[PDB]
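Residue numbers (the entry's author numbering), protein chains in the order written: chain B, 26 to 326, 327A, 328 to 388; chain A, 26 to 387.
Every residue gets a Cβ at the ideal spot worked out from N, C-alpha and C, and that includes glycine.
Shown next, in structure tokens, is the structure this report addresses.
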Amino acid sequence: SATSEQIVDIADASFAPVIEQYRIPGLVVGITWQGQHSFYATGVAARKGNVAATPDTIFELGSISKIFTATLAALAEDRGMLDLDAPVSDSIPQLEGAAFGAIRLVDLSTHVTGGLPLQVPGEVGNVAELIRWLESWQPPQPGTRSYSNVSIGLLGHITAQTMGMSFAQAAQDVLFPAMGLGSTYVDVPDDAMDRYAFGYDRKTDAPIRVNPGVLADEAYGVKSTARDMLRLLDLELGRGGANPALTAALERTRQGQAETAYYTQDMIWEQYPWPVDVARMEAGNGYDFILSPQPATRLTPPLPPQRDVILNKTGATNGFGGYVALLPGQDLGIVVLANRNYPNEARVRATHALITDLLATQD
Amino acid sequence: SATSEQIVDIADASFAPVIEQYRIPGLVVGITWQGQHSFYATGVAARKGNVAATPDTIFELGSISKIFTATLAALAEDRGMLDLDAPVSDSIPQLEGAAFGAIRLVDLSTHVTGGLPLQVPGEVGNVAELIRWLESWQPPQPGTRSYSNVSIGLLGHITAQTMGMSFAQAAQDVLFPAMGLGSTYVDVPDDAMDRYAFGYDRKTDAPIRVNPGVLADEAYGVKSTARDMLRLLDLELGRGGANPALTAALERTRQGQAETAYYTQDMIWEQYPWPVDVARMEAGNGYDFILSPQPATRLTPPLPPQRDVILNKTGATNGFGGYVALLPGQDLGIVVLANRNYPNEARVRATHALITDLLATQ
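Dropping the structure here:
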């Protein structure tokens, strides 16, 4: 076996190239492996003040937030508050008879909607106006996976409405405490600001912050630390510590719901075999696969949570670039948080190399 | 004594030229005069479906929203919850010792702060981070009037916090009901969507909609109709039977707090003598008063609410251009709502001409 010091050494070497290539101001890697935690932290959370990045630095998760949204929906399902196999129109009755109303709730988390746009339309100013807009929407490519903030965001809206609170309240009062998190937020409070990293715009290098928007809380609203993300990954790896309802909810999100050209689509998580060629993970996380509708076939019943796979999710904002990976058969979870948005494919290549070199130590 | 029919015809004639000049898709004028509400409505609230604009069309008010923010602050003051003459640091203790903490609450509504950015900075993601940014702010032109969404927005946040609710809740559950409004919103609901106009971009003519933002609810978050805006103007005129507390709050906002080169700055309202040369109202509503700090001198104590004046406020978003004017000594209020952002001076010129023609029928 290898020391945690040797693990930190491998993380350092795996990400030195991308940090230089994309001028990443600060970067933190968390590793949980066979229940043991290691952290690599380098650079600065904030240039002004030259504040060092640490495992307790808060980063914007971007679309990694959607894992929390999906888990919240599965938690409501386990409590009998909704049925993810039911159509949207059971929750939003005015969409009865509309194509969007016929989508199963679960497919708001698989993105298998038939071509919904990535962003909330600019002519939509709140969720009520969005629902009206969806009354007349027709899927341009029925049956396809169409990666979007709109569908998963509306799943979070539906879920919070069922719980009788705002999405922020549901996440911060119910979900994050059940997960045992200590520095994860939808709304960062004053007492945590000292640790809240700034993101640095690619073109201008200016400090930039994710701003409010329609469905922003529900689709890209979470901020967290490498330390808290390892707590989540431990729960996903089945290390124990969550109540039975949360454990069931996590497991539900790791069921395989649909197959694409490159991976199995779970609830938000995207799942490859392990081992797998890195080029396939680069393609599946590739710009052109993500931005256009892609063929998908439904699994009915779903594939149970798998052992010898890698689950992953990318997440970014204008100022941040993050990545999470889960390898259940290797008892391994990795989170990589950076305060620079750098390409998905580069996050994948660097993390795949880290994983490969890490597992090679026990050869 | 002019009938509603001839008032409507005067409104029509007064705005036909500006509607053509700036290709305004829809425009509604509301007039309250001698207690009578009259409306001129023309064009469409939405080009798609040719949905007519009416006195019940909901428009984005932009900065005219700030009149509601200021009135809520004055209502909280009247209830004993706040003291508008007190420093910001009494409400936000971590700004003790900071230049921003020394600003009087009322000066968040007069804009006499010494220089703030117009918009919330991009490195600020919520009000908590905004307060942290303000800890290190220093005014670049001390004592000047600096029009800003930051200051008035923070007054709205402070007021709502003192009341123990969100600003949207304070506005929709307390203030709008107190004023008797029936179609005024910070968050437009489903049942009102059929009446919610679209705005039309100046450069692309595409429908556009105001989006969420830090302090957006507090600084530019209100949407309303001509019928409701005349109810507000009636309350400012001492009509509509407001209870004593709301009357006190409205009167507080109409006190003159500072003098600029062209007008008396009240709480958000900007006040000229009546009569007044239209060129003076054009200059005072120029974009230089938005973009650059302007000299201002404090009135201590404030000027009491005046009779022979015109109070006004411009309000816009990327898609909307609005204007309100109040003439207490003439028992007259006017609201002009449009789903095109057209220049301030044009709103002023057309409204001044409408007022002049109206009063001349006497």
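Proximity of residue i and residue j at Cβ, strictly below 8 Å
i: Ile83 (chain A); j: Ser208 (chain A); result: yes
i: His182 (chain A); j: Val137 (chain A); result: no
i: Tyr297 (chain A); j: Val349 (chain A); result: no
i: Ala196 (chain A); j: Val211 (chain A); result: yes
i: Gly51 (chain B); j: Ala38 (chain B); result: no
i: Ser114 (chain A); j: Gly126 (chain A); result: yes
i: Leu258 (chain A); j: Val360 (chain A); result: yes
i: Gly246 (chain A); j: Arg234 (chain A); result: no
i: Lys338 (chain A); j: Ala244 (chain A); result: no
i: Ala321 (chain B); j: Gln290 (chain B); result: yes
i: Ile128 (chain B); j: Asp382 (chain B); result: no
i: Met188 (chain A); j: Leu271 (chain A); result: no
i: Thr94 (chain A); j: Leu180 (chain A); result: yes
i: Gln59 (chain A); j: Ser29 (chain A); result: no
i: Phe40 (chain A); j: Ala385 (chain A); result: no
Below-8 Å beta-carbon distance, residue i vs any chain A residue
i: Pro142 (chain B); result: no
i: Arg157 (chain B); result: yes
i: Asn151 (chain B); result: yes
i: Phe223 (chain B); result: yes
i: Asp230 (chain B); result: no
i: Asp382 (chain B); result: no
i: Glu160 (chain B); result: no
i: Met106 (chain B); result: no
i: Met218 (chain B); result: yes
Sequence-distant residues of the same chain with beta carbon closer than 6 Å to residue i, five excluded per side
i: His377 (chain B); result: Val303
i: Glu102 (chain A); result: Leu109
i: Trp299 (chain A); result: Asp333, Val334, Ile335 and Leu352
i: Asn369 (chain A); result: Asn310 and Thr339
i: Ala98 (chain B); result: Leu180 and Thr184
i: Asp226 (chain A); result: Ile233
i: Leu155 (chain B); result: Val149
Cβ of residue i within 8 Å of any chain B Cβ
i: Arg234 (chain A); result: yes
i: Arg365 (chain A); result: no
i: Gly205 (chain A); result: no
i: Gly147 (chain A); result: yes
i: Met190 (chain A); result: no
i: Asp115 (chain A); result: no
i: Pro214 (chain A); result: yes
i: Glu121 (chain A); result: no
i: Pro237 (chain A); result: yes
i: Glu154 (chain A); result: yes
CB-CB length for residue i against residue j, believed under 8 Å
i: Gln282 (chain B); j: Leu336 (chain B); result: With a Cβ gap of about 13 Å, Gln282 (chain B) and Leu336 (chain B) do not count as contacting.
i: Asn236 (chain B); j: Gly150 (chain A); result: 6 Å
i: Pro80 (chain A); j: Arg256 (chain A); result: Contact flag wrong, Cβ pair sits at about 11 Å.
i: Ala274 (chain A); j: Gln319 (chain A); result: With 8 Å as the limit, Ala274 (chain A) and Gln319 (chain A) do not qualify as a contact, their Cβ atoms being about 27 Å apart.
i: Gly266 (chain B); j: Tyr288 (chain B); result: Not confirmed; about 28 Å, so no contact.
i: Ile32 (chain A); j: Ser63 (chain A); result: 4 Å
i: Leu240 (chain B); j: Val373 (chain B); result: Going by Cβ atoms, the distance from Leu240 (chain B) to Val373 (chain B) rounds to 26 Å, so no, they are not a contact pair.
i: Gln280 (chain B); j: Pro329 (chain B); result: 6 Å
i: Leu100 (chain B); j: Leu200 (chain B); result: 7 Å
i: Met292 (chain A); j: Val175 (chain A); result: In fact, because the Cβ distance is near 16 Å, the residues do not count as touching under 8 Å.
i: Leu362 (chain B); j: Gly347 (chain B); result: 5 Å
i: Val54 (chain B); j: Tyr65 (chain B); result: 4 Å
i: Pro142 (chain B); j: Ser116 (chain B); result: Wrong, their Cβ atoms sit about 21 Å apart, outside the cutoff.
Cut-off 7 Å between Cβ atoms - residues of its own chain near residue i, not counting five sequence neighbours on either side
i: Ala185 (chain B); result: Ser191, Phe192 and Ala195
i: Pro164 (chain A); result: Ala124, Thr138, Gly139 and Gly140
i: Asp242 (chain A); result: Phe192, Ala193 and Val211
i: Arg72 (chain B); result: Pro50
i: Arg264 (chain B); result: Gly60
Cβ shell of residue i (< 8 Å), same chain only, five flanking positions each side left out
i: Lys248 (chain B); result: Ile83, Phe84, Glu85, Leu86, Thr209, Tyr210, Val211, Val213 and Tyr221
i: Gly168 (chain B); result: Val137, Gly139, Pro320 and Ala321
Contact test: residue i Cβ vs the ligand HEM heavy atom, cutoff 7 Å
i: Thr169 (chain B); result: The ligand HEM is not part of this structure, which contains no ligands at all.
- What are the start and end residues of each continuous beta strand (DSSP E) run of 3 or more residues lying completely inside the region 249-301 of chain A, in chain order? 281-284 and 295-298
- With a floor of 3 residues, list each beta strand (DSSP E) that falls wholly inside the region 115-142 of chain B, ordered by position along the chain. none
- Sequence ranges, beta strand (DSSP E) only - wholly within the region 29-106 of chain B, length at least 3: 51-58 and 61-71
- Message: Restricting to runs no shorter than 4 residues, where is the alpha helix (DSSP H) found entirely within the region 164-199 of chain A?
- Response: 174-188
- Query: What beta strand (DSSP E) runs, 3 residues minimum, are completely inside the region 299-379 of chain A?
  - Reply: 322-328, 334-341, 346-352 and 357-363
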